[PDB]
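So the structure is just underneath, and the comments pick up after that.
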Amino acid sequence: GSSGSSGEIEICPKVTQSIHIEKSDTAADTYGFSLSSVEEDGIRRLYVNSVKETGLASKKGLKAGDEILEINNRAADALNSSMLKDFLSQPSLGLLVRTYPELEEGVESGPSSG
């Protein structure tokens, strides 16, 4: 980034992934993952606290201890408890977490098969 360390200097750096969650009904079927805020050096970041097993977040690709970079094209730091709640009260949510590459590419999970 800037005014700091240049993350990991490698020919193959980390990779981001867009995980969008969609529910059938918000009246009953409500997410089961909580979002925590961690302030460090003035930089406020978001991190998953818990994730419901029999839910969407989990099956999707979320786990207790993730790193939230952006939410629906919004800066976590910019979003506060108030906003966060609003986002959690929606049928569809779009989170942006980071991950590391690995020689596990081949077949994707889902209906699209054949």
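Going by the structure tokens order, chains are called A, B, ..., each with residues numbered from 1, while ligands are numbered from 1 in the order shown.
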
Long-range neighbours of segment 103-112 of chain A as JSON, numbers by chain, 12 Å cut-off, only C-alpha atoms, 5 positions minimum in chain:
{"A": [59, 60, 61]}

Please tabulate, as a tab-separated table, the residues of segment 60-99 of chain A that come within 10 Å of segment 16-20 of chain A, each with its closest pair of atoms and the distance in Å to one decimal, counting only C-alpha atoms and ordering rows by chain, then residue number upward.
```
residue	atom	partner	partner_atom	distance
A:60	CA	A:19	CA	7.0
A:61	CA	A:19	CA	7.1
A:62	CA	A:19	CA	8.4
A:69	CA	A:16	CA	9.5
A:70	CA	A:18	CA	9.8
A:71	CA	A:20	CA	9.9
A:72	CA	A:20	CA	9.3
A:92	CA	A:20	CA	7.2
A:93	CA	A:20	CA	5.7
A:94	CA	A:20	CA	4.4
A:95	CA	A:19	CA	5.6
A:96	CA	A:18	CA	5.0
A:97	CA	A:17	CA	5.8
A:98	CA	A:16	CA	4.3
A:99	CA	A:16	CA	5.8
```

Could you please write out, as a PyMOL selection string, every residue of chain A that DSSP assigns to strand (DSSP E)?
chain A and resi 15-22+34-40+43-50+68-71+92-99

Output N, CA, C and O atoms for every residue in that selection, as a short mmCIF file (atom, residue, chain, number, x, y, z; two decimals), in the first residue's frame.
```
data_model
loop_
_atom_site.label_atom_id
_atom_site.label_comp_id
_atom_site.auth_asym_id
_atom_site.auth_seq_id
_atom_site.Cartn_x
_atom_site.Cartn_y
_atom_site.Cartn_z
N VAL A 15 -4.78 -13.29 -3.82
CA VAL A 15 -5.87 -13.05 -4.77
C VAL A 15 -7.19 -12.81 -4.05
O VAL A 15 -7.49 -13.47 -3.05
N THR A 16 -7.97 -11.86 -4.55
CA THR A 16 -9.26 -11.53 -3.95
C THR A 16 -10.38 -12.38 -4.55
O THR A 16 -10.26 -12.87 -5.68
N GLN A 17 -11.46 -12.54 -3.80
CA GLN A 17 -12.60 -13.33 -4.26
C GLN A 17 -13.91 -12.67 -3.85
O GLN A 17 -14.08 -12.25 -2.70
N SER A 18 -14.84 -12.59 -4.79
CA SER A 18 -16.14 -11.98 -4.53
C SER A 18 -17.17 -13.03 -4.13
O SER A 18 -17.56 -13.88 -4.94
N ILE A 19 -17.59 -12.98 -2.87
CA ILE A 19 -18.57 -13.94 -2.36
C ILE A 19 -19.91 -13.26 -2.09
O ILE A 19 -20.07 -12.55 -1.09
N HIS A 20 -20.87 -13.47 -2.98
CA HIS A 20 -22.20 -12.88 -2.83
C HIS A 20 -23.17 -13.89 -2.23
O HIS A 20 -23.30 -15.01 -2.71
N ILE A 21 -23.87 -13.47 -1.17
CA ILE A 21 -24.83 -14.34 -0.51
C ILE A 21 -26.26 -13.90 -0.82
O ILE A 21 -26.58 -12.71 -0.81
N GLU A 22 -27.13 -14.88 -1.09
CA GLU A 22 -28.52 -14.60 -1.40
C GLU A 22 -29.45 -15.52 -0.61
O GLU A 22 -29.27 -16.73 -0.60
N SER A 34 -21.68 -13.02 12.20
CA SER A 34 -21.51 -11.71 12.82
C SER A 34 -20.24 -11.03 12.31
O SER A 34 -19.29 -11.70 11.90
N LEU A 35 -20.23 -9.70 12.33
CA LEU A 35 -19.08 -8.93 11.87
C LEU A 35 -18.51 -8.08 13.00
O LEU A 35 -19.22 -7.28 13.61
N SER A 36 -17.22 -8.26 13.27
CA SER A 36 -16.55 -7.50 14.33
C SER A 36 -15.65 -6.43 13.74
O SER A 36 -15.19 -6.54 12.60
N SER A 37 -15.39 -5.39 14.52
CA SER A 37 -14.54 -4.29 14.07
C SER A 37 -13.25 -4.23 14.89
O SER A 37 -13.28 -4.29 16.12
N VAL A 38 -12.12 -4.13 14.20
CA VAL A 38 -10.82 -4.06 14.85
C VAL A 38 -10.05 -2.82 14.43
O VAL A 38 -9.69 -2.68 13.26
N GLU A 39 -9.80 -1.93 15.38
CA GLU A 39 -9.07 -0.70 15.10
C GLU A 39 -7.58 -0.87 15.41
O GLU A 39 -7.21 -1.28 16.51
N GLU A 40 -6.74 -0.54 14.44
CA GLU A 40 -5.29 -0.66 14.61
C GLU A 40 -4.57 0.46 13.86
O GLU A 40 -4.67 0.57 12.64
N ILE A 43 -6.48 2.56 11.59
CA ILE A 43 -7.10 1.85 10.48
C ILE A 43 -8.15 0.86 10.97
O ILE A 43 -7.81 -0.20 11.50
N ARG A 44 -9.42 1.21 10.80
CA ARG A 44 -10.51 0.34 11.23
C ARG A 44 -10.79 -0.74 10.19
O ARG A 44 -11.05 -0.45 9.03
N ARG A 45 -10.73 -2.00 10.62
CA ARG A 45 -10.97 -3.12 9.73
C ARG A 45 -12.10 -4.00 10.26
O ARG A 45 -12.44 -3.94 11.45
N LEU A 46 -12.67 -4.82 9.39
CA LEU A 46 -13.76 -5.71 9.77
C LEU A 46 -13.33 -7.17 9.66
O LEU A 46 -12.60 -7.55 8.75
N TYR A 47 -13.79 -7.99 10.61
CA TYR A 47 -13.45 -9.40 10.62
C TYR A 47 -14.62 -10.24 11.14
O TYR A 47 -15.26 -9.89 12.13
N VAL A 48 -14.91 -11.34 10.45
CA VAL A 48 -16.00 -12.22 10.83
C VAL A 48 -15.76 -12.81 12.22
O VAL A 48 -14.67 -13.27 12.53
N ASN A 49 -16.80 -12.79 13.05
CA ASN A 49 -16.71 -13.32 14.40
C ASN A 49 -17.23 -14.76 14.46
O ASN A 49 -16.64 -15.62 15.10
N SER A 50 -18.35 -15.00 13.78
CA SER A 50 -18.95 -16.33 13.76
C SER A 50 -19.67 -16.58 12.43
O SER A 50 -20.00 -15.64 11.71
N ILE A 68 -12.81 -8.71 6.12
CA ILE A 68 -13.70 -7.97 5.24
C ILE A 68 -13.04 -6.70 4.72
O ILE A 68 -12.69 -5.80 5.50
N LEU A 69 -12.86 -6.62 3.41
CA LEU A 69 -12.23 -5.46 2.79
C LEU A 69 -13.28 -4.43 2.37
O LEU A 69 -13.21 -3.27 2.76
N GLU A 70 -14.26 -4.88 1.59
CA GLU A 70 -15.33 -4.00 1.13
C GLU A 70 -16.68 -4.70 1.18
O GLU A 70 -16.75 -5.93 1.15
N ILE A 71 -17.75 -3.92 1.26
CA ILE A 71 -19.10 -4.47 1.31
C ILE A 71 -20.05 -3.69 0.41
O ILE A 71 -20.42 -2.56 0.72
N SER A 92 -29.78 -9.87 -0.08
CA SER A 92 -28.54 -10.17 -0.78
C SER A 92 -27.40 -9.29 -0.28
O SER A 92 -27.59 -8.09 -0.03
N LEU A 93 -26.22 -9.88 -0.12
CA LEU A 93 -25.06 -9.15 0.36
C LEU A 93 -23.82 -9.50 -0.47
O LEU A 93 -23.64 -10.65 -0.88
N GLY A 94 -22.97 -8.51 -0.70
CA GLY A 94 -21.76 -8.74 -1.47
C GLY A 94 -20.51 -8.35 -0.71
O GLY A 94 -20.20 -7.17 -0.54
N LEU A 95 -19.77 -9.36 -0.24
CA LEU A 95 -18.54 -9.12 0.52
C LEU A 95 -17.32 -9.38 -0.35
O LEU A 95 -17.38 -10.11 -1.34
N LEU A 96 -16.19 -8.77 0.02
CA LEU A 96 -14.95 -8.94 -0.72
C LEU A 96 -13.80 -9.32 0.22
O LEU A 96 -13.21 -8.47 0.87
N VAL A 97 -13.50 -10.62 0.27
CA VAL A 97 -12.42 -11.11 1.11
C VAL A 97 -11.20 -11.49 0.29
O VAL A 97 -11.29 -11.69 -0.92
N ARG A 98 -10.05 -11.59 0.95
CA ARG A 98 -8.81 -11.95 0.27
C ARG A 98 -8.42 -13.39 0.58
O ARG A 98 -8.83 -13.96 1.59
N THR A 99 -7.63 -13.98 -0.32
CA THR A 99 -7.19 -15.36 -0.15
C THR A 99 -5.84 -15.59 -0.82
O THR A 99 -5.33 -14.73 -1.53
#
```

Rounded to one decimal place, report the atom CA of residue 41 of chain A-atom CA of residue 57 of chain A distance in Å.
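That distance, rounded to one decimal, is 29.2 Å.
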
For the atom pair atom CA of residue 84 of chain A and atom CA of residue 2 of chain A, what is the interatomic distance in Å to one decimal place?
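So the answer is 26.9 Å.
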
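Atom to atom, atom CA of residue 89 of chain A and atom CA of residue 29 of chain A stand 10.9 Å apart.
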
Compile the contact shell of residue 31 of chain A as an MDAnalysis selection string: residues with an atom at most 8 Å away, counting only C-alpha atoms, same-chain residues fewer than 2 positions apart removed.
chainID A and resid 29 33 52 55:57 88

List every residue of chain A that DSSP, applied to the backbone of this structure, places in alpha helix (DSSP H), and write the result as a ChimeraX atom specification.
/A:57-60,81-88

Residues from the last selection, N, CA and C atoms, saved as a PDB file, in the first residue's frame:
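That gives us part.pdb:
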```
ATOM      1  N   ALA A  57     -23.341 -18.254   4.249  1.00  0.00           N
ATOM      2  CA  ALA A  57     -21.987 -17.738   4.419  1.00  0.00           C
ATOM      3  C   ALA A  57     -20.971 -18.874   4.481  1.00  0.00           C
ATOM      4  N   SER A  58     -21.217 -19.834   5.367  1.00  0.00           N
ATOM      5  CA  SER A  58     -20.320 -20.973   5.527  1.00  0.00           C
ATOM      6  C   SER A  58     -20.163 -21.731   4.213  1.00  0.00           C
ATOM      7  N   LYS A  59     -21.232 -22.398   3.790  1.00  0.00           N
ATOM      8  CA  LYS A  59     -21.217 -23.162   2.549  1.00  0.00           C
ATOM      9  C   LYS A  59     -20.566 -22.362   1.426  1.00  0.00           C
ATOM     10  N   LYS A  60     -20.815 -21.056   1.414  1.00  0.00           N
ATOM     11  CA  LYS A  60     -20.252 -20.179   0.395  1.00  0.00           C
ATOM     12  C   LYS A  60     -18.728 -20.201   0.440  1.00  0.00           C
ATOM     13  N   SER A  81     -21.523   0.740  12.841  1.00  0.00           N
ATOM     14  CA  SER A  81     -22.511  -0.182  13.391  1.00  0.00           C
ATOM     15  C   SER A  81     -23.876   0.036  12.746  1.00  0.00           C
ATOM     16  N   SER A  82     -24.248   1.302  12.577  1.00  0.00           N
ATOM     17  CA  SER A  82     -25.531   1.647  11.976  1.00  0.00           C
ATOM     18  C   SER A  82     -25.668   1.023  10.591  1.00  0.00           C
ATOM     19  N   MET A  83     -24.773   1.407   9.685  1.00  0.00           N
ATOM     20  CA  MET A  83     -24.792   0.885   8.323  1.00  0.00           C
ATOM     21  C   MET A  83     -24.723  -0.639   8.325  1.00  0.00           C
ATOM     22  N   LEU A  84     -23.718  -1.180   9.005  1.00  0.00           N
ATOM     23  CA  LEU A  84     -23.539  -2.626   9.086  1.00  0.00           C
ATOM     24  C   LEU A  84     -24.875  -3.329   9.296  1.00  0.00           C
ATOM     25  N   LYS A  85     -25.654  -2.835  10.254  1.00  0.00           N
ATOM     26  CA  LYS A  85     -26.957  -3.413  10.556  1.00  0.00           C
ATOM     27  C   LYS A  85     -27.847  -3.425   9.317  1.00  0.00           C
ATOM     28  N   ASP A  86     -27.896  -2.296   8.619  1.00  0.00           N
ATOM     29  CA  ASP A  86     -28.706  -2.176   7.412  1.00  0.00           C
ATOM     30  C   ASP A  86     -28.308  -3.230   6.384  1.00  0.00           C
ATOM     31  N   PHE A  87     -27.003  -3.421   6.214  1.00  0.00           N
ATOM     32  CA  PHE A  87     -26.491  -4.397   5.261  1.00  0.00           C
ATOM     33  C   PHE A  87     -26.862  -5.816   5.681  1.00  0.00           C
ATOM     34  N   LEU A  88     -26.914  -6.044   6.989  1.00  0.00           N
ATOM     35  CA  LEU A  88     -27.257  -7.357   7.523  1.00  0.00           C
ATOM     36  C   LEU A  88     -28.759  -7.605   7.438  1.00  0.00           C
TER      37      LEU A  88
END
```
